[PDB]
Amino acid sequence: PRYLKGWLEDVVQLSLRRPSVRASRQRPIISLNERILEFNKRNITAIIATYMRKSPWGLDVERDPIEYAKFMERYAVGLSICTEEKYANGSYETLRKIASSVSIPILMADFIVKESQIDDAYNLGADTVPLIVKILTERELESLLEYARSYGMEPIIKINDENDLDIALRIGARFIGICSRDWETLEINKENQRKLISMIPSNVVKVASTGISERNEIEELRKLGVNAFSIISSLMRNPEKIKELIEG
């Protein structure tokens, strides 16, 4: 990984030490990026709902992962299951549990820094992983991306600025997540996010991290060409909100 500071450095170093799992996967990969494109042709708003117990920006929810997932299975284009242990209180077992209970695409949300965590995602039933430009070197990014594709996963390349976008395009990204929040400091810049979005080629499947406000952003960003929307806190706090966000 790149040299980092503060919580981000701690979590990366933790992730490098993450014990790998052994399991034999119980389904073929369901493509998240392809289901998003199909939602688009069907005019169905495509929302990625995320299960996340805790976050560095203060989120703190205890709720049943399976009931949450079973509910979300009806509405979400995919589920994002946070599997990071220290800051998110996530776990691999959780992912495993959810992956067996639902038949929609699953993203394993974690700081992927080594190949065994890709092994882990695959074995536990996840369909895809994020790859974060800010934490990985260029070499690591193209290599981990090749590695995940060798399973049949199309990872989502996470970007937070123009340089991130340059790199993601240069490595052959086809599935990009535009973050509003900076990973290092936890600051949100919706303007910069809109700016990045207008710079992405049309044939790239685009997910914007969205939250504060919602609905308004969804119509606006969708017009900017965004394909799907990743939402965390508001849906952890009130799952039935996804219904409203998809419909009028």
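A residue's number is simply how far along the shown sequence it sits, counting from 1.
Looking at the deposited entry, does 52-60 or 208-216 carry the larger mean Cα B-factor? Averaging CA B-factors over each stretch, the winner is 208-216.
Between 22-30 and 35-43, point out the one with the higher average CA B-factor as the PDB entry records it. Averaged over C-alpha atoms, the B-factors run higher in 22-30.
By the entry's C-alpha temperature factors, tell me which of 143, 80, 117, 100 sits highest. Highest C-alpha B-factor among the listed residues goes to 100.
Position of residue 228 among the chain's modelled residues by C-alpha B-factor, lowest, middle or highest third: Lowest third of the chain for residue 228's C-alpha B-factor.
Report the third (lowest, middle or highest) to which the CA temperature factor of residue 86 belongs, ranking only the modelled residues of the same chain. Top third by C-alpha B-factor.
Chain-relative CA temperature factor third for residue 235: Lowest third of the chain for residue 235's C-alpha B-factor.
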